[PDB]
Amino acid sequence: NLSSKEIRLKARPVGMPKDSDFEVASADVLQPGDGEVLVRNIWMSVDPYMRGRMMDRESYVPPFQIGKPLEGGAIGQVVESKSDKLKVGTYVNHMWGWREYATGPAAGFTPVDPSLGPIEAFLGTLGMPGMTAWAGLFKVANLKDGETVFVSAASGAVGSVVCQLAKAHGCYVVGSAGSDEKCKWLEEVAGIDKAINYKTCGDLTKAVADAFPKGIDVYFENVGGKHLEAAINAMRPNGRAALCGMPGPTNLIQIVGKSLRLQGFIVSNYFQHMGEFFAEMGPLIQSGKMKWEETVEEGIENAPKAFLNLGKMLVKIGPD
Amino acid sequence: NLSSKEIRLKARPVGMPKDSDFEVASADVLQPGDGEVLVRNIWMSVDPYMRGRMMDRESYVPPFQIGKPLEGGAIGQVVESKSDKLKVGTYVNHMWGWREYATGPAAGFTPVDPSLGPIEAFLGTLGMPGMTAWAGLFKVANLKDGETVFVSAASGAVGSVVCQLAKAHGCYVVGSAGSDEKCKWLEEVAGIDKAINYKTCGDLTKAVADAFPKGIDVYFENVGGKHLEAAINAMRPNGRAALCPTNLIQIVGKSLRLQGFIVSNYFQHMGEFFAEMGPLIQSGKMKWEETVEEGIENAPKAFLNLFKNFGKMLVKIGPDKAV
């Protein structure tokens with residue numbers, strides 16, 4: 001009886017996506033079958049990786065399909081349930097975003113505890129970005145308490161959580177950003193020891209070296225290029241670099257010299273820690289030690305706009 | 001009561017080391033004090049890293065000293081002992097080479113079990129090169145049986161042991177070398193699946209890709225440069241690189257781990273190491289080449305021959321059985 005507006009891929013984007021590549025459409029709200037649930041979406045997320053999912057190139061993740069509604073992180077509320085394992089009214093996180101309604105088996109919908117924070121934060125700080133930060137910091141880098149931490153693109157969704165998690169563990173934290181406003185935010189809101197503007201600081205190797213008088217223990221990577229060169233130059237013996245984001249560095253020999261470890265990782269391989277993640281992330285949000293910024297568009301029709309604009313980007317669909 | 005010939009550093013080398021930088025001299029054989037031992041040296045090793053120890057540059061290892069006898073891996077036999085923890089007659093590994101006699105506290109002398117193999121192999125296959133290989137393969141790269149292995153500079157002291165250790169664990173092994181003779185040796189003696197000549201093979205990325213139809217699981221590094229690029233290009237998801245480029249992004253894509261290491265941080269595994277290295281030598285699955293010069297006076301010669309074929313360079317000093 002109801003309608004669900006969704007954003008479908010109208011045409012494969014070439015290079016950068018155009019607004020003409022997206023199509024707003026009206027779809028049916030299928031009533032749930034046995035073991036299934038129907039959920040009305042409230043918040044949805046737009047993330048950078050989605051761009052790669054719109055290309056036809058060989059990818060580790062299946063691309064989107066022309067004519068099919070796009071997919072992405074979303075927070076909804078269960079409004080109908082024919083499954084005993086998930087009751088009506090539960091707030092759930094899922095991957096069927098870019099739409100107003102979603103029907104499917106209850107397994108595909110993960111309940112989110114709103115005690116820990118606002119439900120939309122389950123797409124950012126309490127979601128995949130915050131979990132990427134936490135996994136890279138503690139499961140890849142093995143950050144011991146009190147170590148020094150260098151974070152590139154520290155004002156981003158992942159870098160901010162990395163910075164504040166390291167600060168919460170007694171770490172000397174230096175972050176990198178592309179503007180003085182982001183550096184002021186990093187130093188005064190995020191509360192890191194020093195923020196470097198890689199556009200104005202001159203030689204970035206020298207800037208990082210001066211920022212770390214005793215070297216770097218952990219390097220969280222989101223940019224690359226000369227940032228990795230500077231980090232390796234300033235890294236301490238047994239320093240670990242968790243690479244999450246990305247002319248290569250000219251000082252690779254030091255990896256052998258200081259016994260450096262450089263590990264790429266994907267957050268998907270660490271969901272088995274989600275509980276533990278929450279166990280740390282909940283309190284530190286309530287204490288005010290974990291802060292974040294949001295940029296919220298309104299209406300399903302503005303879902304493409306938000307995506308084209310790549311604070312953590314979200315789109316509000318339904319009411320709470 | 002006796003005299004001991006020694007090789008001392010007469011001058012720091014300028015550029016490449018010269019024969020004029022070394023000095024043969026006669027030193028005293030100090031009788032051991034309490035808790036000390038006097039050992040007659042039988043075998044001594046010369047290695048490339050020793051060159052770095054001859055310069056005054058900032059190094060992770062203290063350089064040699066002018067007027068002081070050089071130091072390096074050596075296998076000797078205890079001929080006098082005033083320590084209960086080390087008995088006379090024991091064959092010992094230590095770092096006071098380039099000389100015929102060594103006197104010092106028993107702690108600095110590690111006994112070597114000749115069951116596992118010839119005592120001189122405790123300077124190569126059963127020594128720091130073989131243990132570096134073993135630690136990088138199993139403690140750093142965590143090589144699971146059946147995985148694919150790419151080894152650079154595979155004809156070297158470390159790479160050969162890496163190749164044969166991986167072969168012993170059922171691994172498809174491709175190695176790189178700088179000459180056709182080294183490649184033939186890798187394929188026929190070491191018994192690896194394919195050897196690539198990085199000086200002649202043209203595009204090394206393409207050669208490595210063609211050598212690995214299903215990709216690389218473990219990459220052991222001994223050279224660097226384009227070898228790491230080729231490895232990263234041909235590495236599989238969750239590939240590990242033990243280290244002894246324009247495609248770094250793939251590290252994020254395939255969840256690659258790149259770890260440098262020094263063997264010093266893994267001595268706590270040596271026991272396990274021996275438990276594996278002994279049998280694989282007796283089975284004939286672990287082979288190596290040696291180049292043995294004779295006499296302490298030929299110790300500089302041997303060292304200078306490390307930069308002018310191949311094989312582990314050694315020089316015999318004392319008799320096989322001193323007591």
# chains A, B, ... in the order shown; residues from 1 in each chain; ligands from 1
$ residues_around --residues "residue 272 (chain A)" --least-positions-apart "6" --cutoff "12 Å" --atoms "only C-alpha atoms" --output "list in words"
residues 131, 135, 139 and 278 of chain A
$ write_last_selection --atoms "N, CA and C atoms" --output "PDB file, in the first residue's frame"
ATOM      1  N   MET A 131      35.063   1.775  13.602  1.00  0.00           N
ATOM      2  CA  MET A 131      35.596   0.424  13.727  1.00  0.00           C
ATOM      3  C   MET A 131      36.861   0.246  12.897  1.00  0.00           C
ATOM      4  N   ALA A 135      40.182  -0.980  14.766  1.00  0.00           N
ATOM      5  CA  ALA A 135      40.879  -2.174  14.302  1.00  0.00           C
ATOM      6  C   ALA A 135      42.299  -1.847  13.861  1.00  0.00           C
ATOM      7  N   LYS A 139      44.236  -3.781  16.607  1.00  0.00           N
ATOM      8  CA  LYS A 139      44.387  -5.136  16.091  1.00  0.00           C
ATOM      9  C   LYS A 139      45.456  -5.259  15.017  1.00  0.00           C
ATOM     10  N   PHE A 278      32.476  -1.766  20.834  1.00  0.00           N
ATOM     11  CA  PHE A 278      31.450  -1.026  21.557  1.00  0.00           C
ATOM     12  C   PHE A 278      31.840  -0.848  23.017  1.00  0.00           C
TER      13      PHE A 278
END
$ residues_around --residues "residue 132 (chain B)" --least-positions-apart "4" --cutoff "12 Å" --atoms "only C-alpha atoms" --output "mmCIF file with N, CA, C and O atoms, in the first residue's frame"
data_model
loop_
_atom_site.group_PDB
_atom_site.id
_atom_site.type_symbol
_atom_site.label_atom_id
_atom_site.label_comp_id
_atom_site.auth_asym_id
_atom_site.auth_seq_id
_atom_site.Cartn_x
_atom_site.Cartn_y
_atom_site.Cartn_z
ATOM 1 N N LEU B 123 78.371 -22.034 11.392
ATOM 2 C CA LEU B 123 78.605 -20.666 10.957
ATOM 3 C C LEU B 123 77.763 -20.283 9.748
ATOM 4 O O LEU B 123 77.759 -19.108 9.363
ATOM 5 N N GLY B 124 77.060 -21.238 9.141
ATOM 6 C CA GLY B 124 76.249 -20.953 7.974
ATOM 7 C C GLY B 124 74.827 -21.460 8.090
ATOM 8 O O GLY B 124 73.934 -20.736 8.543
ATOM 9 N N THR B 125 74.606 -22.709 7.675
ATOM 10 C CA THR B 125 73.257 -23.268 7.666
ATOM 11 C C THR B 125 72.705 -23.388 9.082
ATOM 12 O O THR B 125 71.554 -23.023 9.348
ATOM 13 N N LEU B 126 73.517 -23.895 10.005
ATOM 14 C CA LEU B 126 73.140 -23.976 11.408
ATOM 15 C C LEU B 126 73.544 -22.736 12.194
ATOM 16 O O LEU B 126 73.498 -22.756 13.429
ATOM 17 N N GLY B 127 73.915 -21.656 11.512
ATOM 18 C CA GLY B 127 74.319 -20.443 12.190
ATOM 19 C C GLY B 127 73.393 -19.274 11.936
ATOM 20 O O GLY B 127 72.183 -19.456 11.776
ATOM 21 N N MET B 128 73.953 -18.069 11.895
ATOM 22 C CA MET B 128 73.158 -16.857 11.742
ATOM 23 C C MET B 128 72.463 -16.752 10.386
ATOM 24 O O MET B 128 71.319 -16.286 10.336
ATOM 25 N N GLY B 136 62.773 -15.537 9.533
ATOM 26 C CA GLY B 136 62.004 -14.785 8.560
ATOM 27 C C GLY B 136 60.906 -15.599 7.911
ATOM 28 O O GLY B 136 59.836 -15.068 7.601
ATOM 29 N N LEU B 137 61.140 -16.897 7.715
ATOM 30 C CA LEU B 137 60.139 -17.729 7.060
ATOM 31 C C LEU B 137 58.999 -18.083 8.006
ATOM 32 O O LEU B 137 57.825 -17.980 7.636
ATOM 33 N N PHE B 138 59.320 -18.501 9.230
ATOM 34 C CA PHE B 138 58.313 -19.065 10.119
ATOM 35 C C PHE B 138 57.889 -18.143 11.252
ATOM 36 O O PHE B 138 56.747 -18.238 11.706
ATOM 37 N N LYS B 139 58.760 -17.248 11.713
ATOM 38 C CA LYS B 139 58.402 -16.361 12.812
ATOM 39 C C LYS B 139 57.958 -14.979 12.352
ATOM 40 O O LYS B 139 57.257 -14.293 13.103
ATOM 41 N N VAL B 140 58.339 -14.559 11.146
ATOM 42 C CA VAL B 140 57.943 -13.256 10.625
ATOM 43 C C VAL B 140 56.845 -13.421 9.581
ATOM 44 O O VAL B 140 55.751 -12.865 9.723
ATOM 45 N N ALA B 141 57.113 -14.221 8.546
ATOM 46 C CA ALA B 141 56.136 -14.436 7.485
ATOM 47 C C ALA B 141 55.062 -15.442 7.873
ATOM 48 O O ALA B 141 53.997 -15.460 7.247
ATOM 49 N N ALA B 157 73.523 -16.678 1.067
ATOM 50 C CA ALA B 157 73.578 -17.527 2.254
ATOM 51 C C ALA B 157 72.204 -17.690 2.891
ATOM 52 O O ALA B 157 71.856 -18.779 3.363
ATOM 53 N N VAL B 158 71.413 -16.618 2.922
ATOM 54 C CA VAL B 158 70.091 -16.680 3.536
ATOM 55 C C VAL B 158 69.055 -17.219 2.556
ATOM 56 O O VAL B 158 68.223 -18.061 2.917
ATOM 57 N N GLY B 159 69.088 -16.741 1.310
ATOM 58 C CA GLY B 159 68.062 -17.112 0.348
ATOM 59 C C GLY B 159 68.042 -18.595 0.030
ATOM 60 O O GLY B 159 66.975 -19.178 -0.168
ATOM 61 N N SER B 160 69.218 -19.223 -0.034
ATOM 62 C CA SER B 160 69.271 -20.657 -0.305
ATOM 63 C C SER B 160 68.575 -21.449 0.795
ATOM 64 O O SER B 160 67.802 -22.378 0.516
ATOM 65 N N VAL B 161 68.832 -21.089 2.054
ATOM 66 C CA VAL B 161 68.178 -21.772 3.163
ATOM 67 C C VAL B 161 66.681 -21.496 3.150
ATOM 68 O O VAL B 161 65.878 -22.386 3.448
ATOM 69 N N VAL B 162 66.277 -20.269 2.801
ATOM 70 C CA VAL B 162 64.848 -19.970 2.681
ATOM 71 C C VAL B 162 64.205 -20.881 1.643
ATOM 72 O O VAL B 162 63.149 -21.483 1.880
ATOM 73 N N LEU B 165 64.092 -24.543 2.868
ATOM 74 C CA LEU B 165 63.119 -24.682 3.945
ATOM 75 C C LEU B 165 61.698 -24.672 3.403
ATOM 76 O O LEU B 165 60.853 -25.462 3.841
ATOM 77 N N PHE B 220 60.301 -13.391 0.624
ATOM 78 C CA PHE B 220 61.527 -13.174 1.387
ATOM 79 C C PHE B 220 62.443 -12.236 0.605
ATOM 80 O O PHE B 220 62.796 -12.523 -0.545
ATOM 81 N N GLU B 221 62.828 -11.124 1.227
ATOM 82 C CA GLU B 221 63.532 -10.042 0.552
ATOM 83 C C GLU B 221 65.005 -10.047 0.946
ATOM 84 O O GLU B 221 65.335 -10.077 2.137
ATOM 85 N N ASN B 222 65.887 -9.987 -0.056
ATOM 86 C CA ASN B 222 67.316 -9.843 0.189
ATOM 87 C C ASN B 222 67.988 -8.766 -0.653
ATOM 88 O O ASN B 222 69.130 -8.403 -0.347
ATOM 89 N N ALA B 242 58.732 -10.848 4.474
ATOM 90 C CA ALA B 242 59.830 -10.746 5.429
ATOM 91 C C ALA B 242 61.015 -10.078 4.742
ATOM 92 O O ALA B 242 61.551 -10.614 3.765
ATOM 93 N N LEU B 243 61.427 -8.923 5.260
ATOM 94 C CA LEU B 243 62.446 -8.079 4.647
ATOM 95 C C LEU B 243 63.746 -8.137 5.440
ATOM 96 O O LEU B 243 63.751 -7.890 6.651
ATOM 97 N N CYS B 244 64.843 -8.445 4.750
ATOM 98 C CA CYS B 244 66.155 -8.613 5.378
ATOM 99 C C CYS B 244 67.099 -7.491 4.979
ATOM 100 O O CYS B 244 68.087 -7.725 4.284
ATOM 101 N N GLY B 260 60.134 -5.712 8.321
ATOM 102 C CA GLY B 260 61.563 -5.884 8.472
ATOM 103 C C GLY B 260 61.897 -6.525 9.806
ATOM 104 O O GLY B 260 61.167 -6.397 10.788
ATOM 105 N N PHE B 261 63.020 -7.233 9.844
ATOM 106 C CA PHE B 261 63.380 -7.945 11.061
ATOM 107 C C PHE B 261 64.885 -8.149 11.108
ATOM 108 O O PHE B 261 65.569 -8.132 10.081
ATOM 109 N N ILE B 262 65.385 -8.347 12.323
ATOM 110 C CA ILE B 262 66.769 -8.725 12.567
ATOM 111 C C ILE B 262 66.761 -10.030 13.350
ATOM 112 O O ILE B 262 65.926 -10.224 14.241
ATOM 113 N N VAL B 263 67.680 -10.932 12.999
ATOM 114 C CA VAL B 263 67.677 -12.271 13.581
ATOM 115 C C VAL B 263 67.928 -12.219 15.083
ATOM 116 O O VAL B 263 67.480 -13.102 15.826
ATOM 117 N N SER B 264 68.623 -11.179 15.554
ATOM 118 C CA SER B 264 68.941 -11.054 16.974
ATOM 119 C C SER B 264 67.705 -11.147 17.860
ATOM 120 O O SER B 264 67.781 -11.665 18.979
ATOM 121 N N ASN B 265 66.563 -10.659 17.382
ATOM 122 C CA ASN B 265 65.335 -10.643 18.166
ATOM 123 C C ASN B 265 64.602 -11.980 18.170
ATOM 124 O O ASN B 265 63.455 -12.033 18.627
ATOM 125 N N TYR B 266 65.215 -13.056 17.669
ATOM 126 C CA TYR B 266 64.533 -14.343 17.588
ATOM 127 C C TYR B 266 65.362 -15.504 18.131
ATOM 128 O O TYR B 266 64.955 -16.663 17.973
ATOM 129 N N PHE B 267 66.493 -15.228 18.791
ATOM 130 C CA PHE B 267 67.336 -16.297 19.322
ATOM 131 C C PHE B 267 66.584 -17.218 20.272
ATOM 132 O O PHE B 267 66.968 -18.384 20.423
ATOM 133 N N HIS B 269 64.163 -18.816 19.794
ATOM 134 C CA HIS B 269 63.601 -19.939 19.059
ATOM 135 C C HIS B 269 64.663 -20.907 18.563
ATOM 136 O O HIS B 269 64.316 -21.920 17.943
ATOM 137 N N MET B 270 65.942 -20.636 18.849
ATOM 138 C CA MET B 270 67.030 -21.387 18.227
ATOM 139 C C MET B 270 66.867 -22.885 18.431
ATOM 140 O O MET B 270 67.069 -23.670 17.495
ATOM 141 N N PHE B 273 64.583 -24.136 16.037
ATOM 142 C CA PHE B 273 65.360 -24.051 14.807
ATOM 143 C C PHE B 273 66.226 -25.290 14.617
ATOM 144 O O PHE B 273 66.108 -25.998 13.608
#
$ interface_residues --of "chain B" --to "chain A" --cutoff "8 Å" --atoms "only C-alpha atoms" --output "compact mmCIF listing (two decimals) with N, CA and C atoms, in the first residue's frame"
# COMPACT_ATOMS: atom_id res chain seq x y z
N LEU B 243 61.43 -8.92 5.26
CA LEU B 243 62.45 -8.08 4.65
C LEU B 243 63.75 -8.14 5.44
N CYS B 244 64.84 -8.45 4.75
CA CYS B 244 66.15 -8.61 5.38
C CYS B 244 67.10 -7.49 4.98
N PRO B 245 58.86 2.28 -5.05
CA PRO B 245 57.83 1.48 -5.72
C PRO B 245 56.58 2.29 -6.02
N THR B 246 55.97 2.05 -7.18
CA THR B 246 54.82 2.81 -7.63
C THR B 246 53.48 2.13 -7.34
N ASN B 247 53.49 0.95 -6.73
CA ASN B 247 52.26 0.18 -6.55
C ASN B 247 51.97 -0.09 -5.07
N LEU B 248 52.34 0.85 -4.19
CA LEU B 248 52.14 0.63 -2.76
C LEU B 248 50.66 0.51 -2.41
N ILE B 249 49.77 1.09 -3.22
CA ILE B 249 48.34 1.04 -2.94
C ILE B 249 47.85 -0.39 -2.77
N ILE B 251 49.06 -2.77 -1.24
CA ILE B 251 49.21 -3.20 0.15
C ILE B 251 47.88 -3.06 0.89
N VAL B 252 47.17 -1.95 0.65
CA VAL B 252 45.85 -1.79 1.25
C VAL B 252 44.86 -2.75 0.62
N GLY B 253 44.93 -2.93 -0.70
CA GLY B 253 43.93 -3.74 -1.38
C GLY B 253 43.97 -5.19 -0.97
N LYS B 254 45.17 -5.78 -0.96
CA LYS B 254 45.34 -7.19 -0.68
C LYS B 254 45.68 -7.46 0.78
N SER B 255 45.57 -6.45 1.65
CA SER B 255 45.85 -6.59 3.08
C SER B 255 47.24 -7.18 3.31
N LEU B 256 48.22 -6.63 2.60
CA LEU B 256 49.58 -7.13 2.69
C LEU B 256 50.26 -6.64 3.96
N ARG B 257 51.16 -7.47 4.48
CA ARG B 257 51.98 -7.15 5.64
C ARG B 257 53.44 -7.16 5.21
N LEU B 258 54.15 -6.08 5.49
CA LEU B 258 55.56 -5.94 5.17
C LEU B 258 56.32 -5.69 6.46
N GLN B 259 57.19 -6.62 6.84
CA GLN B 259 57.87 -6.55 8.13
C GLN B 259 59.37 -6.73 7.93
N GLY B 260 60.13 -5.71 8.32
CA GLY B 260 61.56 -5.88 8.47
C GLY B 260 61.90 -6.53 9.81
N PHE B 261 63.02 -7.23 9.84
CA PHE B 261 63.38 -7.95 11.06
C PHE B 261 64.88 -8.15 11.11
N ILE B 262 65.38 -8.35 12.32
CA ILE B 262 66.77 -8.73 12.57
C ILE B 262 66.76 -10.03 13.35
$ select_by_dssp --residues "region 118-245 of chain A" --states "alpha helix (DSSP H)" --output "PyMOL selection string"
chain A and resi 128-134+157-168+180-185+204-211+226-234
$ write_last_selection --atoms "N, CA and C atoms" --output "tab-separated table (two decimals), in the first residue's frame"
chain	number	residue	atom	x	y	z
A	128	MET	N	31.25	1.86	10.75
A	128	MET	CA	32.37	1.34	9.97
A	128	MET	C	33.61	2.24	10.04
A	129	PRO	N	33.49	3.58	10.00
A	129	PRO	CA	34.70	4.41	10.18
A	129	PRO	C	35.35	4.26	11.55
A	130	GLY	N	34.56	4.34	12.62
A	130	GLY	CA	35.12	4.18	13.95
A	130	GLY	C	35.71	2.80	14.17
A	131	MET	N	35.06	1.77	13.60
A	131	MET	CA	35.60	0.42	13.73
A	131	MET	C	36.86	0.25	12.90
A	132	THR	N	36.95	0.91	11.74
A	132	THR	CA	38.20	0.92	10.99
A	132	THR	C	39.32	1.52	11.82
A	133	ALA	N	39.05	2.68	12.43
A	133	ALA	CA	40.02	3.31	13.33
A	133	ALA	C	40.46	2.36	14.43
A	134	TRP	N	39.49	1.75	15.12
A	134	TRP	CA	39.79	0.91	16.27
A	134	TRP	C	40.58	-0.33	15.87
A	157	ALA	N	36.85	11.10	8.92
A	157	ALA	CA	35.99	10.26	9.75
A	157	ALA	C	36.80	9.20	10.49
A	158	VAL	N	37.80	8.62	9.82
A	158	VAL	CA	38.61	7.59	10.46
A	158	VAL	C	39.71	8.21	11.30
A	159	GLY	N	40.39	9.23	10.77
A	159	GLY	CA	41.52	9.82	11.47
A	159	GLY	C	41.13	10.44	12.80
A	160	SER	N	39.95	11.06	12.85
A	160	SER	CA	39.48	11.67	14.10
A	160	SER	C	39.32	10.62	15.19
A	161	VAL	N	38.70	9.49	14.85
A	161	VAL	CA	38.52	8.42	15.83
A	161	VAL	C	39.86	7.83	16.23
A	162	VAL	N	40.79	7.69	15.27
A	162	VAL	CA	42.14	7.22	15.62
A	162	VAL	C	42.78	8.15	16.64
A	163	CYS	N	42.72	9.46	16.37
A	163	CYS	CA	43.34	10.45	17.25
A	163	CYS	C	42.75	10.38	18.65
A	164	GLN	N	41.42	10.36	18.75
A	164	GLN	CA	40.80	10.41	20.07
A	164	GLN	C	40.96	9.09	20.82
A	165	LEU	N	40.97	7.95	20.11
A	165	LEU	CA	41.25	6.68	20.76
A	165	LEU	C	42.67	6.64	21.31
A	166	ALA	N	43.64	7.14	20.53
A	166	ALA	CA	45.01	7.17	21.01
A	166	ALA	C	45.16	8.12	22.20
A	167	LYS	N	44.52	9.30	22.12
A	167	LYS	CA	44.54	10.22	23.25
A	167	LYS	C	43.96	9.57	24.51
A	168	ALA	N	42.86	8.84	24.36
A	168	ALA	CA	42.25	8.17	25.50
A	168	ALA	C	43.17	7.12	26.13
A	180	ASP	N	44.15	25.16	7.98
A	180	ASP	CA	44.30	25.62	9.36
A	180	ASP	C	43.02	25.44	10.17
A	181	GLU	N	41.85	25.51	9.52
A	181	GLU	CA	40.62	25.25	10.26
A	181	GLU	C	40.58	23.82	10.77
A	182	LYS	N	40.98	22.86	9.93
A	182	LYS	CA	41.00	21.47	10.36
A	182	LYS	C	42.05	21.25	11.44
A	183	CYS	N	43.17	21.96	11.37
A	183	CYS	CA	44.20	21.84	12.40
A	183	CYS	C	43.71	22.41	13.73
A	184	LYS	N	43.02	23.55	13.69
A	184	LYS	CA	42.45	24.11	14.91
A	184	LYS	C	41.42	23.16	15.51
A	185	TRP	N	40.61	22.53	14.66
A	185	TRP	CA	39.66	21.54	15.16
A	185	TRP	C	40.39	20.36	15.80
A	204	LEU	N	57.71	18.26	4.57
A	204	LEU	CA	56.86	17.52	5.49
A	204	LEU	C	57.65	16.48	6.28
A	205	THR	N	58.70	15.91	5.69
A	205	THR	CA	59.60	15.05	6.45
A	205	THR	C	60.16	15.80	7.66
A	206	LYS	N	60.66	17.02	7.44
A	206	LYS	CA	61.23	17.80	8.53
A	206	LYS	C	60.16	18.19	9.55
A	207	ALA	N	58.96	18.53	9.07
A	207	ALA	CA	57.88	18.90	9.99
A	207	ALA	C	57.50	17.73	10.89
A	208	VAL	N	57.39	16.53	10.32
A	208	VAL	CA	57.06	15.36	11.13
A	208	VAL	C	58.19	15.04	12.09
A	209	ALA	N	59.44	15.15	11.63
A	209	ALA	CA	60.58	14.90	12.51
A	209	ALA	C	60.58	15.86	13.69
A	210	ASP	N	60.32	17.14	13.44
A	210	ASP	CA	60.27	18.11	14.53
A	210	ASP	C	59.07	17.87	15.44
A	211	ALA	N	57.98	17.34	14.90
A	211	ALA	CA	56.81	17.06	15.73
A	211	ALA	C	57.02	15.88	16.67
A	226	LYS	N	54.32	11.40	0.15
A	226	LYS	CA	55.36	11.93	1.03
A	226	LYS	C	55.00	11.76	2.50
A	227	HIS	N	53.73	11.53	2.81
A	227	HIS	CA	53.35	11.27	4.19
A	227	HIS	C	53.97	9.98	4.70
A	228	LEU	N	53.92	8.92	3.89
A	228	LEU	CA	54.55	7.67	4.28
A	228	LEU	C	56.06	7.81	4.39
A	229	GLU	N	56.67	8.57	3.47
A	229	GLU	CA	58.10	8.82	3.54
A	229	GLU	C	58.47	9.50	4.86
A	230	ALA	N	57.73	10.55	5.22
A	230	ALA	CA	58.01	11.26	6.47
A	230	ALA	C	57.81	10.35	7.67
A	231	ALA	N	56.72	9.57	7.68
A	231	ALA	CA	56.47	8.66	8.79
A	231	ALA	C	57.60	7.67	8.95
A	232	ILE	N	57.99	7.00	7.86
A	232	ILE	CA	59.09	6.03	7.92
A	232	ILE	C	60.37	6.70	8.41
A	233	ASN	N	60.62	7.93	7.95
A	233	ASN	CA	61.81	8.65	8.41
A	233	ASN	C	61.77	8.90	9.91
A	234	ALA	N	60.59	9.19	10.46
A	234	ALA	CA	60.46	9.52	11.87
A	234	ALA	C	60.02	8.35	12.73
$ select_by_dssp --residues "region 22-260 of chain A" --states "strand (DSSP E)" --output "ChimeraX atom specification"
/A:22-28,36-45,74-81,91-94,101-105,110-111,148-151,172-177,194-197,216-221,235-243
$ write_last_selection --atoms "C-alpha atoms" --output "mmCIF file, in the first residue's frame"
data_model
loop_
_atom_site.group_PDB
_atom_site.id
_atom_site.type_symbol
_atom_site.label_atom_id
_atom_site.label_comp_id
_atom_site.auth_asym_id
_atom_site.auth_seq_id
_atom_site.Cartn_x
_atom_site.Cartn_y
_atom_site.Cartn_z
ATOM 1 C CA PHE A 22 21.630 8.671 -10.655
ATOM 2 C CA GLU A 23 17.887 8.076 -10.933
ATOM 3 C CA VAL A 24 15.215 8.643 -8.302
ATOM 4 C CA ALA A 25 12.512 5.984 -8.549
ATOM 5 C CA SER A 26 9.492 4.689 -6.650
ATOM 6 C CA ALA A 27 9.446 1.014 -5.657
ATOM 7 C CA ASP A 28 7.042 -1.241 -3.802
ATOM 8 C CA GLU A 36 11.958 -11.594 7.286
ATOM 9 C CA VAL A 37 11.434 -8.006 8.430
ATOM 10 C CA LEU A 38 10.374 -4.714 6.873
ATOM 11 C CA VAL A 39 12.330 -1.680 8.082
ATOM 12 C CA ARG A 40 11.735 2.031 7.472
ATOM 13 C CA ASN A 41 15.002 3.904 6.968
ATOM 14 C CA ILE A 42 15.823 6.981 9.057
ATOM 15 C CA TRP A 43 19.512 7.724 8.381
ATOM 16 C CA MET A 44 21.722 6.678 5.483
ATOM 17 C CA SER A 45 25.446 7.042 4.877
ATOM 18 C CA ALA A 74 21.757 2.778 6.756
ATOM 19 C CA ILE A 75 20.006 2.973 10.126
ATOM 20 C CA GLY A 76 16.325 2.047 10.189
ATOM 21 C CA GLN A 77 13.619 0.882 12.567
ATOM 22 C CA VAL A 78 11.870 -2.481 12.280
ATOM 23 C CA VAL A 79 8.232 -1.722 11.462
ATOM 24 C CA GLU A 80 7.113 -5.243 10.486
ATOM 25 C CA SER A 81 8.516 -8.614 11.503
ATOM 26 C CA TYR A 91 16.643 0.082 15.547
ATOM 27 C CA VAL A 92 18.825 -1.810 13.074
ATOM 28 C CA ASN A 93 21.918 -1.131 10.978
ATOM 29 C CA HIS A 94 22.060 -2.596 7.476
ATOM 30 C CA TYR A 101 12.110 0.999 2.947
ATOM 31 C CA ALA A 102 13.928 -2.331 3.064
ATOM 32 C CA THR A 103 12.484 -5.851 3.268
ATOM 33 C CA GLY A 104 14.628 -8.900 3.923
ATOM 34 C CA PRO A 105 15.665 -11.694 6.280
ATOM 35 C CA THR A 110 21.877 -5.745 13.071
ATOM 36 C CA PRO A 111 20.313 -4.017 16.100
ATOM 37 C CA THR A 148 53.468 8.035 20.027
ATOM 38 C CA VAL A 149 50.965 8.156 17.161
ATOM 39 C CA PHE A 150 51.095 9.922 13.793
ATOM 40 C CA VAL A 151 47.821 10.101 11.851
ATOM 41 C CA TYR A 172 51.238 11.623 22.295
ATOM 42 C CA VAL A 173 49.267 12.285 19.107
ATOM 43 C CA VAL A 174 50.243 14.406 16.105
ATOM 44 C CA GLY A 175 47.820 14.717 13.209
ATOM 45 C CA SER A 176 47.993 15.982 9.627
ATOM 46 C CA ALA A 177 45.408 18.110 7.831
ATOM 47 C CA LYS A 194 50.021 19.024 17.495
ATOM 48 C CA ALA A 195 48.409 19.407 14.069
ATOM 49 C CA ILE A 196 50.520 19.837 10.918
ATOM 50 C CA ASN A 197 49.297 21.628 7.782
ATOM 51 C CA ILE A 216 56.881 7.614 15.996
ATOM 52 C CA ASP A 217 55.576 4.329 17.405
ATOM 53 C CA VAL A 218 52.335 3.922 15.429
ATOM 54 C CA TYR A 219 51.483 5.425 12.037
ATOM 55 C CA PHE A 220 47.874 5.351 10.843
ATOM 56 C CA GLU A 221 47.834 5.967 7.093
ATOM 57 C CA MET A 235 59.408 6.014 12.938
ATOM 58 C CA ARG A 236 61.082 4.308 15.902
ATOM 59 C CA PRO A 237 62.515 0.780 15.995
ATOM 60 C CA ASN A 238 59.659 -1.745 15.813
ATOM 61 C CA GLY A 239 57.318 1.028 14.696
ATOM 62 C CA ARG A 240 54.087 -0.213 13.149
ATOM 63 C CA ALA A 241 52.160 1.414 10.303
ATOM 64 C CA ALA A 242 48.546 0.410 9.746
ATOM 65 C CA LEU A 243 47.646 1.464 6.207
#
